[PDB]
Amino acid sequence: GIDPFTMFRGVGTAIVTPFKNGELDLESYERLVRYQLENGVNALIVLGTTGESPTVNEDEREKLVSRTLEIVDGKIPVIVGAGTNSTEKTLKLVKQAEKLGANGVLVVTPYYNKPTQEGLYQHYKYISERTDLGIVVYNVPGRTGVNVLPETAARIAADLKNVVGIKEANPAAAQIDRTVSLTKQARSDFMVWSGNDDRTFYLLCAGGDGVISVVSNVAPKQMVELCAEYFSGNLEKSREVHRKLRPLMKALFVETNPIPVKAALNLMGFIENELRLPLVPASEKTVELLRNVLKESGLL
């Protein structure tokens, strides 16, 4: 229950934030958390993109994080989405998370101007010295247009002892190979987690540690088994899980996440199909697609 505790293996769920009639729906949230825990999920990432952090206010954040830690009761680490534009807003969010008893924070690259690799290093360094929390670097160039180079991540690994790992959401095989190789040469136990469900198998085969997952919101058993079968030497069985997850993995992104994942959870009876603007509930097409995909998947 701490220090190496944030070095989870396998699946960390980027959990949605259920709403009902404008307010947090903590009752539904608790049912979803138990779905995750019961199925072997090894971490929760709270208030990331999937959790609609941009539309959840300061008090709601507090109540959601506190309820999360209550249900989990130190069984698995709870990591809180905390990165924003300025190092001002970020650190405060990191402080809030720490004050509440979260185990780590997920910290996105700054985006404004033309962040250099030194810029990125200096960003994680300042946060690093000002917290005792585990810090996860979030590299997501497809969204930000900013890429943490594998050598930059390895510097971070070498120098910043409380940076535990990287959520590597650059899907490129050439980046993944080197992110894994170089960061673990700099620190044996620096964690590399896939930031893309469909790259999970590839990243594991490359020597990585699991996935920070959208798909495990609806299919935690399956995503857990993908990782577990790999770590047991059964690639054939691991591949097979990956193969069968492909339709679901594709369906959850036919609209902007978390739009489809919330529609799917609602079909499955876990939550209200309610999103905060500018996100909107999924189209009937998305819903019918999800209905069929979830039925084939045996989840409905």
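Position 1 is the first residue in the sequence shown; the rest follow in order.
The stretch 280-288 shows the higher mean C-alpha B-factor when 280-288 is compared against 9-17 in the entry. When the mean C-alpha temperature factors of 114-122 and 148-156 are read from the deposited coordinates, 114-122 comes out higher. Highest CA B-factor among the listed residues (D209, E168, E229, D177): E229. Note on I259, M249, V65, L235: the highest value goes to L235, judged by CA B factor as recorded.
In the deposited entry, the Cα temperature factor of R199 places it in the lowest third of its chain's modelled residues. Remark: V80 belongs to the lowest third of its chain, ranked by C-alpha B-factor as recorded. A172: CA B factor lies in the lowest third for its chain, per the PDB record. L100 sits in the highest third of its chain by CA B factor, as recorded in the PDB entry. Annotation for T183: CA B-factor lies in the lowest third of the chain's modelled residues.
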